[PDB]
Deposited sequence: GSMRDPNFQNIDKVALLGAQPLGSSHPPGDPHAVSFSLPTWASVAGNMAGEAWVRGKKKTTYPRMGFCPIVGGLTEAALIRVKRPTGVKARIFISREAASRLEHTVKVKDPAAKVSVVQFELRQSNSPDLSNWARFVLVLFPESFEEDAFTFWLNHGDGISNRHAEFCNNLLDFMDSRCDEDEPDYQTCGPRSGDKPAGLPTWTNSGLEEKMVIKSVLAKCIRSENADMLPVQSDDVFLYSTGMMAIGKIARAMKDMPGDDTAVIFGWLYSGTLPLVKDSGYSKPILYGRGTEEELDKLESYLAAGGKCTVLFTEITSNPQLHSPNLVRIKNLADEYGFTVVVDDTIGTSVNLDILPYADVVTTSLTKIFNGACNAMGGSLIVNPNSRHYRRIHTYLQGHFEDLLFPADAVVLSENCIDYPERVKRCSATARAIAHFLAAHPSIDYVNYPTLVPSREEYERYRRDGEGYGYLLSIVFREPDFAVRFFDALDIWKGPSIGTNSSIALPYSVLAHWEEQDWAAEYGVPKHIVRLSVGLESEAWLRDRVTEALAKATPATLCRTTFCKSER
């Protein structure tokens, strides 16, 4: 069985004499851990929920004692998930499992079973990690590249600096941090979620204190008319959340009109540019804050975790937003994860351009097939000309697309005959498809993230799948 990978939760549950009877989750943030405790306590009071702090307590190595700690949360089996942004990183968990014998346990409400001292606590580990100084050199490579590929083609716009970029453990943690930041500043606090679903943003915004936000599902011009009618009447609005190159329909919102409404009614615009990249699009003039999941195409390798937060120095709220984000900043991006991101980010522009070219060819190849009703891709969707107001010159139309077949039961046979990776993540170096089975947490849509493979390769796997689906 051994060498074993994973097992930090099994090892931690053994250390607290609870291998059974409870479920467990591991966080780096006690803030995020406490939120899970509240979620269970507000669904069932008197439920035993304990929050155990593991720490490597007595070391003179600053790297180890600042990173070899985690928070274990126990709750009843009776038993959020869209909050998969605050859990322990994969490489962070394997780091803390290797050092668990050197770590001690604390719990505030003292159940004496949760106060354990490690078998080797105080002793020196057999080796040091390969990264040094919290991986802050690799974190600055990440911040510089993120800042350099969002620089706008407008030469009269202030550039983005590395210190205007904030790194977090996931893209959802980045969205959570900016949502909690806008709530804490004074004034009213009603948020607008515009053209953004099939993500964790709505639950995260609700849990960050916006008790219920104005949802605009589609991201249409009519939707914007309803928003403007409400603002002109005297309605309040402090922050708007939207995503550039929306999923899974590849819609593009009117960032110009959104920015114009923000300019007269004084709210903050948060745009996520994970799907439509900053390599392909120039959205800096229209966003006050840009969120990006580094786990996706930024990394490509699908072996590292990260999230980014870009505060626009051209924003009327730059100063207020940056002061809060830096005021409450905590380095929660595990260094090993930062090492991989800083290496794979070097060819992030090149890889984006490559899979946008192939995605355009595959989208138009699929569009011309009789079994397909229509294909959702920026070159083919009604927002086509909207996508072009922001498209950088010489650049393409993204790596994501979705297929709507004519008959739903053809979509199912096609998806099963399609010999490529299947799963929920996007921005991978290998192409991946998702059905409506997942993404449900048209009802026969098939989403496709296009990777780095040749156009002949992807064309072959799609054709063969269409053949086996066709009677």
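Positions of the deposited sequence absent from the coordinates, in order: 1-66, 146-151, 514-525, 556-568.
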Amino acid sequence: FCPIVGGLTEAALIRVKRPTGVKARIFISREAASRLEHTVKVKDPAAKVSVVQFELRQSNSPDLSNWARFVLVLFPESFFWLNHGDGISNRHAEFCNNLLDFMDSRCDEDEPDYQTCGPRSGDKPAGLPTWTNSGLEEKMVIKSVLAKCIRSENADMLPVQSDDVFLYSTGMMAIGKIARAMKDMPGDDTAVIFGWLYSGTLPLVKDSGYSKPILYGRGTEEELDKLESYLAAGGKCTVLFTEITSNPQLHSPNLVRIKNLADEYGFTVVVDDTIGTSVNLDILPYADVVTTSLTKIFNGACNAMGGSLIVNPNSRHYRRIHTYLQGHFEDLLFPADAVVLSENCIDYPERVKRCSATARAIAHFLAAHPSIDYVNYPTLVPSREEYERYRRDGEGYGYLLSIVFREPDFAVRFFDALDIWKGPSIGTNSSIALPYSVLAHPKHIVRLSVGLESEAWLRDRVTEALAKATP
From here on, numbers count along this sequence of modelled residues.
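Higher mean CA temperature factor between 110-118 and 160-168: 110-118, per the PDB entry. Across the two stretches, 94-102 and 204-212, the PDB entry reports the greater mean Cα temperature factor for 204-212.
Remark: of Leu333, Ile88, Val279, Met185, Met185 shows the highest value [criterion: C-alpha B-factor in the PDB entry]. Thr463: CA B factor in the middle third of modelled residues in this chain (values from the PDB entry). Per the deposited record, the Cα B-factor of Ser65 falls in the highest third when ranked against the other modelled residues of its chain. Compared with the other modelled residues of the chain, the Cα B-factor recorded for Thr20 ranks in the highest third. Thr245: CA B factor lies in the lowest third for its chain, per the PDB record. Sort the modelled residues of the chain by CA B factor and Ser144 lands in the middle third.
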